[PDB]
Visitor: 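After the structure tokens below, expect a handful of questions from me.
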Amino acid sequence: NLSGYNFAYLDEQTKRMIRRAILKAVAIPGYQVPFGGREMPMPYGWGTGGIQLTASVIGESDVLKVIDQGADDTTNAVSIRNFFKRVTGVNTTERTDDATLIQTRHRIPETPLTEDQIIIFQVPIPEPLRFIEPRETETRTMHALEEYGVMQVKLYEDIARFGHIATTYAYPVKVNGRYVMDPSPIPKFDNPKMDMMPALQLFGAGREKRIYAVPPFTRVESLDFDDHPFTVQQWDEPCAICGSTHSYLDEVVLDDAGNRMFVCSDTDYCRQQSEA
Amino acid sequence: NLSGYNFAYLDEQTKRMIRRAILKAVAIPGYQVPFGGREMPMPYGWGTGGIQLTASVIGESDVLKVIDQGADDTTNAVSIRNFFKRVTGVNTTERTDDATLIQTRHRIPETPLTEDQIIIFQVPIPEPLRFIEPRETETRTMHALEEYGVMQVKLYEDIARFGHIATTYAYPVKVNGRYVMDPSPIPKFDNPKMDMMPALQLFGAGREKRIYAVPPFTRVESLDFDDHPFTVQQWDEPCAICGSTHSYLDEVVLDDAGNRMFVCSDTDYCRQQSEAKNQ
Amino acid sequence: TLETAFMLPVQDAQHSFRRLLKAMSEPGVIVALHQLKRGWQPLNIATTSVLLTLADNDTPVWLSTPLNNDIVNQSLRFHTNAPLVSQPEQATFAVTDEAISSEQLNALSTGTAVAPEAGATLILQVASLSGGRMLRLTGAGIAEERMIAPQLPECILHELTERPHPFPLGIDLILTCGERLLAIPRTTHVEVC
Amino acid sequence: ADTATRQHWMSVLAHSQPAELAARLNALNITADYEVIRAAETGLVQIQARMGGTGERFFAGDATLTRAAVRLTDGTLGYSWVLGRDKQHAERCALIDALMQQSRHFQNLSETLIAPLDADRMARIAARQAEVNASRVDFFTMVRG
Amino acid sequence: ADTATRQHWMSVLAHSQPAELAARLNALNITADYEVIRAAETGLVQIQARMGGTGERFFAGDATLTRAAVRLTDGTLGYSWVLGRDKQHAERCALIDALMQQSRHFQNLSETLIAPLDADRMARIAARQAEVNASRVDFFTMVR
Amino acid sequence: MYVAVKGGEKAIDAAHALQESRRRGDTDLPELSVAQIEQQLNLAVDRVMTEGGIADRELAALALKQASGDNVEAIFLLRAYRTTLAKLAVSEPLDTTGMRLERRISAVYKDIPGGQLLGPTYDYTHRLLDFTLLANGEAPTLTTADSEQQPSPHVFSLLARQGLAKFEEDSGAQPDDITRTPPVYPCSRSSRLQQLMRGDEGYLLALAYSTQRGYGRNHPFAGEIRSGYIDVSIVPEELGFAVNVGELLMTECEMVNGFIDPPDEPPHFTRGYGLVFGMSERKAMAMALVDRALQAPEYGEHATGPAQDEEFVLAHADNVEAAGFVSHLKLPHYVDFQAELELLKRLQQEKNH
Amino acid sequence: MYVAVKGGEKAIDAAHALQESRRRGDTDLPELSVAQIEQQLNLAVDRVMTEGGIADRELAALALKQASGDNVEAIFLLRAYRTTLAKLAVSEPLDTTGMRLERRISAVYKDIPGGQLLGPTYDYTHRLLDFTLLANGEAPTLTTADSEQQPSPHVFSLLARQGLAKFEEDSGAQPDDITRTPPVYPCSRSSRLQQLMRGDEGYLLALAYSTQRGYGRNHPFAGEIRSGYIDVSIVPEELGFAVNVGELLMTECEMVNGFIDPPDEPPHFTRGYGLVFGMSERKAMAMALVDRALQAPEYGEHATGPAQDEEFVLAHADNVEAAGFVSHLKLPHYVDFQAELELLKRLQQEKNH
Ligand SMILES: O=P(O)(O)OC[C@H]1O[C@@H]2OP(=O)(O)O[C@@H]2[C@@H]1O
Ligand SMILES: [Zn+2]
Ligand SMILES: [Zn+2]
Ligand SMILES: [Zn+2]
Ligand SMILES: [Zn+2]
């Protein structure tokens with residue numbers, strides 16, 4: 001408890017409202033449950049929806065793991081981890097194995113998520129079809145109408161415009177076989193990991209104030225065509241540190257002339273492999 | 001008589017520049033002469049231009065009269081007069097006829113000014129076309145070419161909308177038959193007093209960095225139409241104090257009920273009328 | 001050696017400016033500048049007072065060759081720090097005597113229609129402020145009419161009577177004779193009677 | 001006393017904190033007689049800055065500048081211009097400049113007055129620079145988002 | 001018509017100073033077993049203003065507001081709402097609110113606690129008004 | 001946009017330690033307390049309270065102390081701290097007629113019922129730096145007069161009872177709350193006033209100045225300025241009656257603006273409105289002027305100045321948004337610039353071989 | 001019959017007495033010193049030094065103390081004091097390459113010569129109020145590293161030697177001085193920069209934020225932020241050579257603002273410049289952005305938004321003018337308002353009866 005502040009930095013009213021919204025979202029997998037909180041200014045862009053969920057669901061006994069693009073060394077991830085250490089005092093770990101709360105931005109950890117874990121995803125936009133439908137009045141109703149063919153248009157025309165499905169980030173999915181949800185801009189590599197995961201996944205968008213959750217062991221399938229099944233391009237380049245190419249690789253720039261290298265995005269799995 | 005500051009609080013370079021500006025303004029009656037105005041102890045828009053003009057002009061032998069809204073008892077007038085006393089230590093009078101330098105805000109004294117008197121005006125907006133044209137880059141050329149037709153169009157539009165000219169104070173004048181000059185924010189009631197006056201008229205826009213002047217016995221003609229002549233403010237009541245009927249009156253709401261009393265803005269003239277029997 | 005300046009520079013400059021302002025705002029009025037008791041010869045008392053009370057670093061001064069002495073230049077750039085130019089067109093305060101020529105008069109700066117005050121002031125030293133051609137003055141500063149007979153050169157008389165430079169352009173003339181000073185701004189209508 | 005040496009000791013005096021300069025000068029106790037040609041005057045110095053640091057000049061405001069000038073019995077004129085308003089500091093700096101213009105005090109003050117002050121300033125600079133370098137950073141960026 | 005009196009003494013408590021209220025309450029040496037049913041909580045009170053002072057409502061920021069509740073042995077509930085963040089002050093105000101509803105303390109505390117505090121506040125308000133009215137600008141005066 | 005950056009934890013912590021040590025300054029001097037800041041730097045606290053949005057003197061002074069005197073950083077701190085507090089109630093609408101006046105002036109009449117009560121004000125002071133403040137001293141003794149407040153009716157009430165202006169009637173419309181839902185332009189006048197009260201003082205001042213100079217003129221008259229304590233009241237659910245929770249020191253500005261000629265109503269004056277915490281009144285005057293300027297759609301007058309532009313005025317008045325925008329540009333964008341370098345280089349090759 | 005009496009001077013003197021009593025605040029607290037404000041409210045001091053025009057920390061702190069924390073009032077106090085003092089000299093153009101760096105960062109290049117240096121900053125901090133500052137305390141002992149500073153050439157020097165930018169070369173032109181003569185639009189870049197350095201930081205920050213709307217998500221980059229001590233030296237005529245008169249803490253921002261393709265010239269990155277006293281990083285960045293926006297006429301651009309309108313931006317940028325001419329509405333205007341009242345009464349009596 002930070003002096004002068006509530007536990008987890010949020011007033012209990014916002015916590016209670018977000019908790020009620022989380023319960024409704026769990027009872028309705030894939031549905032972007034609205035919640036009517038206030039406006040909270042934060043320095044780092046990440047947090048308008050993820051920090052709120054973490055504060056709503058974090059407890060004194062939790063172990064927090066903050067991840068930015070899979071990494072824990074990121075400046076924003078370190079800042080958020082320190083912020084939650086200050087306002088909650090929870091323990092923090094660098095291992096997906098020992099973590100009980102994993103706040104991540106645009107990345108699922110390589111390590112399988114076990115039971116008694118919650119993973120929170122920051123969602124810049126909670127409705128994928130905002131790029132097509134400008135007015136939200138039809139967007140809400142078409143979910144009940146099940147008119148999910150409109151979002152299939154971009155998938156259909158991606159191959160026409162480029163020859164292959166290039167939507168490797170924020171690829172839409174259908175969860176529970178009913179609700180079309182768009183996760184955070186996680187890579188196509190991690191989209192399979194959402195299929196019947198042992199852990200409870202929470203998605204929170206702040207600038208839109210919509211929450212949706214994926215209960216553990218919930219069937220979520222990538223949206224594609226039978227003639228063009230959802231496939232993830234295998235990686236043919238290794239990691240410059242541990243070498244293993246079984247994990248999604250991000251790029252780190254080393255110089256001002258464009259020089260760079262590929263390293264495992266999930267630094268925890270990278271360290272696990274390196275120490276092997 | 002100065003308490004550390006130079007006489008009149010301004011250094012000699014500043015006063016010399018202001019003096020050159022005043023001479024140019026007198027040589028070009030009605031034209032706004034730019035000058036390097038300095039920041040004064042009074043905030044911009046509180047009479048800094050008039051203060052600087054008086055500091056440049058005033059001498060030890062002058063009797064300074066500072067009136068705001070026609071009265072010497074106004075808070076701003078009190079402050080300006082006290083500042084000049086501190087920095088110059090000159091004689092200060094409330095009688096217009098006894099004064100040598102008169103610094104006014106929004107009023108021309110009811111008492112006619114004599115030959116050797118200089119009256120200095122505080123001007124917020126030296127440009128008479130500022131409200132029609134906010135940009136100085138355009139009004140400077142409009143004054144260069146004498147393209148004053150837009151002011152006449154403004155008066156025409158006022159007549160069309162209301163049937164009367166909307167401007168009531170700061171009523172634009174034509175000076176020496178050439179320059180459309182903005183007077184101080186004086187009532188149009190005072191506009192006729194500027195015509196062929198035997199006193200020198202100075203106009204200081206301290207925040208806007210402009211000085212202009214009207215020499216003695218200079219034609220001053222308020223703008224108007226032939227079928228819509230120039231008319232002055234008039235009240236159905238005399239002064240509640242001196243019974244005057246030719247002085248610019250002002251309202252003083254007495255109680256919440258709505259009881260009014262009209263009394264002279266020019267308090268010196270009011271006192272003159274009160275002591276000399278009543279009007 | 002250098003010519004001295006005002007004994008009381010602040011008070012003397014203020015009084016000189018007030019006299020000059022009286023002369024300028026009421027053209028045709030002769031005023032006496034009794035604050036400086038010895039002008040910078042060839043410059044007389046009134047011209048020296050005008051220069052001391054108006055000239056400074058910002059105002060280039062052009063002295064006509066008859067008046068362009070050495071000690072006067074030294075004292076002028078020491079007491080006022082005013083730049084000393086060699087051509088009439090570069091001057092803010094032109095100083096000349098009866099020997100003024102038409103070319104010099106027309107070279108001076110009359111200002112611009114947008115900046116009419118960016119012109120020059122001609123400080124002319126005349127043989128006398130009376131006894132010349134009888135001149136009638138009308139305009140701003142003159143109630144009904146004024147009569148003055150200064151001994152003006154023919155070129156300056158033509159300038160005043162004809163005004164080749166339309167208002168607001170023109171040169172403000174300051175006639176000086178000893179301690180006495182007369183002013184004709186560019187807005188004064190002058191006829192030779 | 002070449003121009004460079006006078007510039008050096010004048011800069012050292014100007015950057016010296018008024019308190020340290022006063023204390024060290026009083027400890028020196030080498031006091032002489034001098035005539036203040038110019039009473040310590042505080043005014044303004046107009047700051048000229050450059051566009052982009054190397055382009056055309058503009059005026060970046062002003063700073064207070066206290067100037068003083070001193071003369072010695074033998075006719076050596078000393079001067080000082082120092083940012084601030086401490087008139088006593090300005091006249092003291094002018095005094096030391098005048099004293100060091102002459103061989104009587106030049107070598108002594110250079111070896112025991114100017115050098116210690118410059119060394120103190122260098123020590124303060126070094127300590128501050130070390131604690132600032134404690135915050136030296138090397139950021140590594142990542143492509144995409 | 002006890003609502004008006006309860007409002008009066010509640011306002012006298014809230015407008016009081018924590019130092020004044022605490023000192024006077026300690027001097028009274030009056031205390032009854034109470035339990036804080038609501039722990040003193042400091043949050044926000046939204047400020048509602050009127051356009052032109054009399055027109056439509058708009059929101060003019062927030063202020064800090066502390067609230068506490070105390071239940072006495074007999075079950076009387078005393079509440080408090082004081083601008084600021086002084087939680088002990090809010091608890092004291094709630095305790096006094098509860099006590100003032102007991103017939104044993106109503107008249108006694110009104111004579112000894114509420115009326116003196118109101119008098120002190122009025123005294124300082126009058127002094128400040130005198131100092132402020134020293135700045136009034138006089139223009140006209142009746143003359144007989 | 002968002003460049004992920006790694007490897008600065010030690011340097012960032014060292015930088016924060018340096019910043020805090022510089023905020024504390026030289027330890028020889030005492031530590032500038034918060035009570036001192038709120039008592040003696042009261043106008044900075046007024047501005048920070050008004051813009052941040054919490055009318056707590058001590059919190060604003062603490063934020064100012066933490067920010068080393070920076071008003072934008074203090075406003076950020078207070079605005080963020082507002083998030084951790086629970087909305088306990090909504091007050092009754094303020095009744096400024098009941099304000100306990102510390103100051104009251106009216107520029108539209110020479111004198112009015114109640115008098116021109118100057119109160120504490122820097123107006124009419126000669127702004128000559130007071131160097132005696134470089135050392136300690138003693139505050140002047142306060143001359144006393146009649147310890148009474150005369151009826152001070154609002155000058156606009158007087159103008160409306162003459163028919164020269166219109167009373168601001170309450171239609172019962174629910175005020176908009178930007179602190180719950182982001183503004184959508186065009187926004188109702190209540191939302192505009194709420195955003196104006198939170199806007200940067202130095203920017204709304206410049207917009208009001210522009211309107212004065214002729215960029216959307218509204219012919220303003222300081223119809224009334226008031227500064228005083230107003231009682232705040234709530235109606236708790238636990239109880240059923242209104243309770244008084246304290247008083248707030250606030251400043252109210254009512255501007256008399258140019259008159260209009262309605263098609264079927266007598267000509268009358270328009271009016272702007274401003275309302276701020278504390279006694280910082282230029283913010284209230286600028287708020288009233290910009291309020292009148294933004295009332296252009298209400299009066300059907302086409303905008304001719306930037307101050308009449310609703311989106312321009314309101315979308316950039318918030319200090320927090322602009323400060324965050326400017327701070328983002330400082331963050332390491334090594335990758336993004338490398339993209340620009342390649343884009344620029346291709347243009348150089350195509351247009352110069 | 002209501003004989004007029006004098007109560008003006010006795011009104012303003014009492015008002016000023018009340019204002020000074022309010023300034024001193026509660027007397028049970030020690031009166032905060034000018035040195036404390038200088039050392040702990042150092043960012044307020046930096047702003048007042050930058051906008052008031054005198055780089056004198058003690059004077060700025062005194063102005064803040066005398067203004068009751070009102071930054072605008074302190075700025076105007078310092079600006080009015082400027083008139084008191086005489087211009088003793090003009091320094092040689094400042095050399096920011098010889099800065100003793102308190103802080104040096106770049107958002108475009110990682111490996112800049114001399115190394116990145118976060119220095120004292122509020123960047124990366126959590127905007128959490130430090131309630132431990134409600135009581136006395138002391139900052140943590142500062143960590144230490146190598147005590148040597150490597151040479152730190154400008155980033156734009158690298159950009160220019162790479163052909164991606166144009167080196168800012170002095171042509172020997174005489175800078176314009178608005179303090180000597182009134183502004184004459186259009187203004188040279190020197191005049192614009194001089195005016196901007198005196199411009200209110202909130203107004204300039206809002207203008208810089210508004211310039212973002214012009215383009216999309218490709219924001220500018222802080223090419224180099226550099227805060228540290230610059231040596232000030234003058235060439236006195238008594239000596240003829242340069243004398244090092246002191247040093248000033250200044251912040252210099254060079255913003256990379258995107259590239260343009262001038263005709264008959266290879267495209268290059270346009271740059272904005274901002275120079276402030278002290279560590280006023282936000283003000284310096286806003287100044288750089290507004291400077292780049294006002295560079296429109298010389299780049300052959302069209303003003304899309306008020307920020308690129310030279311006259312509107314510069315005429316109202318000055319804090320003192322805007323504050324004075326907005327606060328002047330508190331001055332009596334009953335003569336002018338009576339003229340309005342008479343016309344409106346006549347209009348009402350003709351529109352209806
Ligand atoms: O800019 P300045 O300093 O010369 O102020 C001149 C005039 O501007 C303001 O407007 P106002 O006429 O109502 O009275 C004030 C003041 O007298
Ligand atoms: Zn790896
Ligand atoms: Zn009368
Ligand atoms: Zn970015
Ligand atoms: Zn006005």
Side-chain angles (χ1 to χ4, degrees), chain A residues 44-46 70-73 75-76 109-111 235 237-252 261-276, chain B residues 69-71 107 109-111 235 237-252 261-279, chain D residues 139 141-145, chain E residues 139-140, chain F residues 1-5 110 324-340, chain G residues 1-4 107-108 212 215-223 255-258 285:
Chain A
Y44 31 67
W46 172 21
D72 303 73
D73 298 326
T75 296
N76 301 86
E110 300 295 353
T111 294
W235 308 102
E237 53 281 6
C239 166
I241 302 175
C242 61
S244 300
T245 180
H246 309 99
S247 58
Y248 189 97
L249 296 181
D250 199 357
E251 190 82 51
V252 61
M261 68 162 56
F262 292 93
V263 296
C264 296
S265 172
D266 184 68
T267 312
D268 167 55
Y269 183 63
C270 202
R271 184 167 66 90
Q272 263 73 311
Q273 293 183 135
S274 180
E275 67 188 3
Chain B
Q69 309 295 297
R107 281 294 298 160
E110 300 288 354
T111 293
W235 308 255
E237 291 285 354
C239 178
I241 289 173
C242 66
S244 172
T245 46
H246 306 277
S247 65
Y248 195 85
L249 305 172
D250 56 68
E251 264 174 311
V252 175
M261 64 175 292
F262 284 81
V263 278
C264 297
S265 80
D266 189 355
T267 58
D268 185 72
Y269 172 90
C270 196
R271 192 192 56 72
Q272 297 300 131
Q273 300 311 269
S274 71
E275 71 185 20
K277 285 69 63 177
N278 291 318
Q279 286 197 354
Chain D
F139 283 132
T141 49
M142 311 297 290
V143 190
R144 314 177 214 180
Chain E
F139 299 88
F140 306 94
Chain F
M1 188 199 71
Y2 188 109
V3 182
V5 174
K110 185 175 184 180
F325 160 75
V326 97
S327 292
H328 176 57
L329 282 32
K330 283 188 295 185
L331 293 184
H333 288 74
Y334 307 153
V335 184
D336 298 15
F337 185 72
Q338 285 175 345
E340 293 297 329
Chain G
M1 198 65 182
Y2 296 113
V3 301
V108 301
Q212 179 61 31
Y215 38 87
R217 192 58 276 174
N218 200 331
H219 60 67
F221 308 105
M255 299 287 295
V256 186
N257 280 277
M285 298 181 65

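First listed ligand is number 1; within each ligand, the first listed atom is number 1. Per chain, numbering begins at 1; letters A, B, ... match sequence-line order.
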Visitor: Side chains of A/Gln273 and A/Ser244: any donor to acceptor distance under 3.5 Å?
Guide: yes
Visitor: With the Zn ion (ligand 3) at the center, what angle do SG from B/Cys270 and SG from B/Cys264 span, rounded to 10 degrees?
Guide: 110°
Visitor: B/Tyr248 and ring pair (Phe, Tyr, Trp, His ring centres under 6.0 Å): which single residue from B/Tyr269, B/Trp235, B/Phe262 fits?
Guide: B/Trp235
Visitor: Could you please compute the angle at the Zn ion (ligand 2) from SG of A/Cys239 to SG of A/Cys242, rounded to 10°?
Guide: 110°
Visitor: Should the ring pair G/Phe221 and F/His333 be called parallel, tilted or perpendicular, given that the plane angle runs from 0 to 90° and is split at 30 and 60?
Guide: tilted
Visitor: Using 0.5 Å steps for rounding, measure from the CE atom of G/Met285 to the NZ atom of F/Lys330.
Guide: 6.0 Å
Visitor: Between NE2 of F/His328 and N of F/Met1, what angle is found at the Zn ion (ligand 4), rounded to 10 degrees?
Guide: 120°
